[PDB]
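# Reading the structure
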Number of protein chains: 2
Amino acid sequence: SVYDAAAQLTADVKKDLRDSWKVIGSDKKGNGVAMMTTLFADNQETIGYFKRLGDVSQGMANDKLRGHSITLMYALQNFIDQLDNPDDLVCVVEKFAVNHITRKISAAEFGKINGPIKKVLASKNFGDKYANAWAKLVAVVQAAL
Amino acid sequence: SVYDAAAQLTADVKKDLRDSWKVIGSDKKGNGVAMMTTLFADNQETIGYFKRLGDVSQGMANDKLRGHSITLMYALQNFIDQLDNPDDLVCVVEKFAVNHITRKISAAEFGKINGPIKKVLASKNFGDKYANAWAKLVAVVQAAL
Ligand code: HEM
Ligand code: HEM
């Protein structure tokens, strides 16, 4: 359940999440777009869910894609800010899940974001240790889907 | 259309928005909830859109309402962060409007948030000068609805 998954965010996992976000969250626009383009490149099958975005291969030049990518980063900002309080983290994660559940995005589908996150981390000198910390955060959302 | 509304965000308006947000955005949970509860108190009819939240009379204690309130503040955080780049502000505002348009929330209905905002600002001692600034930011969103 989401409550059991939130309990997996141990002291050091939270610390690694903050230290890495300090860098990644510094450029929401650039890293947000990189994340999305990587998702569409490594998992072309997910492009179907983003029909409204138009030609996703335009990247930064696509206004809708840029708007979505920036916004996506503020959801992560939200999660990071709620790390101190499990109760708040959970209610924010369930809230976040509503629209994704409506879109029929399953836990397995959502989990495909892990690859893109790991690659963006690596591009900024953050290794497996951090990719795994983020996989744990993503797992909290998966538990809500 | 949204670009024209964004044009009303002058240097002075952006300055007042950033200064007031520095305080209001420092307690997203507290002010976020204050904003929704005030909305429901002053315009009870708006509750019709939030049936999913359940017993909104519980206020802060209501996990779903708390979750929504905290999340609402990150949309404003997003807007405030894009103030110096009209192109990014616009794409973020249009991305934001999509779900609200789907909910059939008109510009007139959305404008009901102005009262609650003015009251929340006043509770932190930010006068009319600041309320007007915020009314202008809301107007940018209204232009997208
Ligand atoms: C780190 C993971 C992710 C984050 C933080 C994230 C964040 C967001 C946010 C903030 C929104 C806007 C609010 C909403 O409509 O719910 C959104 C929309 C959306 N998300 Fe997610 N999302 C993530 C991963 C995914 C994945 C993996 C998929 C699908 C495979 C997905 C599909 C969608 C779709 C289709 C939209 C609507 C886009 C549009 O039409 O503008 N999301 N997401
Ligand atoms: C400054 C004003 C507002 C901000 C920043 C704001 C922000 C948000 C955000 C970030 C979401 C989550 C993403 C989404 O589903 O679109 C949302 C959801 C929602 N908003 Fe807005 N909103 C505002 C005003 C309003 C108003 C005035 C109404 C209606 C009278 C409205 C009705 C809704 C509803 C019904 C939801 C879904 C709630 C749920 O079931 O969880 N919003 N809004």
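Residues numbered from 1 in each chain as written, not as in the entry; some residues may be left out. Chains lettered and ligands numbered in written order. Heavy atoms only, no water.

Structure determination for the deposited model, as stated in its record, used X-ray crystallography, and the stated resolution is 2.10 Å.

## Digging into the site of ligand 1
As a matter of local geometry, ligand 1 sits amid 21 residues, with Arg52(A), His100(A), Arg103(A), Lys95(B) and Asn99(B) nearest to it. Mapping the residues adjacent to ligand 1 onto the chains of the assembly identifies chains A and B. Contact between ligand 1 and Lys95(B): an oxygen atom at 2.6 Å from a side-chain N or O atom of the residue. Between ligand 1 and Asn99(B), the relevant distance is 2.9 Å, taken from an oxygen atom to a side-chain nitrogen or oxygen of the residue. Secondary-structure elements contributing two or more residues to the shell around ligand 1 are α4 (63-81), α5 (86-102) and α6 (107-110) of chain A together with α5 (86-102) of chain B. It is α4(A) that provides the largest number of residues to the shell around ligand 1, a total of five residues. (Near = heavy atom within 4 Å. Polar contact = N/O pair within 3.5 Å; in protein donor to acceptor, adjacent residues only side chain to side chain. Helix = DSSP H or I, 4+ residues; strand = E, 2+ residues; numbered from the N terminus.)

## Focus on the relation of the copies chain B and chain A
With an axial shift of 0.0 Å and an RMSD of 0.2 Å, the rotation relating chain B to chain A amounts to 180°. Taken together, the turn and the small shift mark the pair as related by a two-fold rotation axis. Minimal C-alpha distance to the rotation axis in chain B is attained by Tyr74(B), lying at 3.1 Å. Most of the interface of chain B is mirrored in chain A: 100% of its interface residues are interface residues there too. (Least-squares fit on C-alpha atoms. Contact = heavy atoms within 4.5 Å.)

## A look at the site of ligand 2
Neighbouring ligand 2 are 18 residues, the closest being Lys95(A), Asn99(A), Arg52(B), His100(B) and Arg103(B). In this structure ligand 2 sits where residues from chains A and B come together. Contact distances for ligand 2 include 2.9 Å between an oxygen atom and a side-chain N or O atom of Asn99(A). Elements with a minimum of two residues in the shell around ligand 2: α5 of chain A together with α4 (63-81) and α5 of chain B. Of the residues forming the shell around ligand 2, the biggest block, five residues, is contributed by α4(B).

## What about the packing of aromatic side chains?
Summed over all chains, the structure comprises 10 aromatic pairs over all chains. Ring centres 4.9 Å apart and planes at 70° place the aromatic pair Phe126(B) and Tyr130(B) in the edge-to-face group. Each member of the pair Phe126(B) and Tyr130(B) is classed as buried. Here the aromatic cluster, defined as three or more aromatic residues joined through ring pairs, consists of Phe79(A), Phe96(A) and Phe110(A). The ring of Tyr74(A) has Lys28(A) sitting right over it, with the charged end atom 5.1 Å from the ring centre. The ring centre of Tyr130(B) lies 5.6 Å from the NZ or CZ of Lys129(B), which sits over that ring. (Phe/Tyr/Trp six-rings, centres within 6.5 Å; stacked < 30°, edge-to-face > 60°. Buried < 20%, exposed > 50% of the residue type's maximum accessible area, 1.4 Å probe, protein only. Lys NZ or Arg CZ within 6 Å of the ring centre and 35° of its normal.)

## Focus on the interface of chain B and chain A
Facing the 22 residues of chain B at the interface are 22 residues of chain A. With both sides pooled, the region where chain B packs onto chain A buries about 1,900 Å², and carbon together with sulfur makes up 47% of that total. For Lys29(A), the salt bridge goes to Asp88(B), with nearest N and O atoms at 2.7 Å. Breaking the side of chain B that touches chain A down by element, the ones donating at least two residues are α4 and α5 of chain B. (Buried area = accessible area lost by both parts, 1.4 Å probe. Salt bridge = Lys/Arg side-chain N within 4 Å of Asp/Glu carboxyl O.)

## Thoughts on the coordination of the iron atom of ligand 1
Reference values for coordination geometry: four tetrahedral donors around a metal ideally subtend 109.5 degrees, six octahedral donors ideally subtend 90 or 180 degrees. When only protein atoms are considered, the iron atom of ligand 1 has one donor, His100(A) (NE2), at a distance of 2.1 Å. Considering the arrangement of structural elements, one finds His100(A) in helix α5. (Donors = N, O, S within 2.8 Å, 3.2 Å for Na, K, Ca; no water.)

## Some points on the UniProt feature "domain: Globin" in chain A
Taken from the UniProt record, the annotation "domain: Globin" applies to residues 8-145 of chain A. Between the first and last C-alpha atoms of residues 8-145 of chain A the distance is 17 Å; the span itself is 67% helix and 0% strand. (UniProt positions renumbered as here; feature names shortened; annotations may be inferred.)

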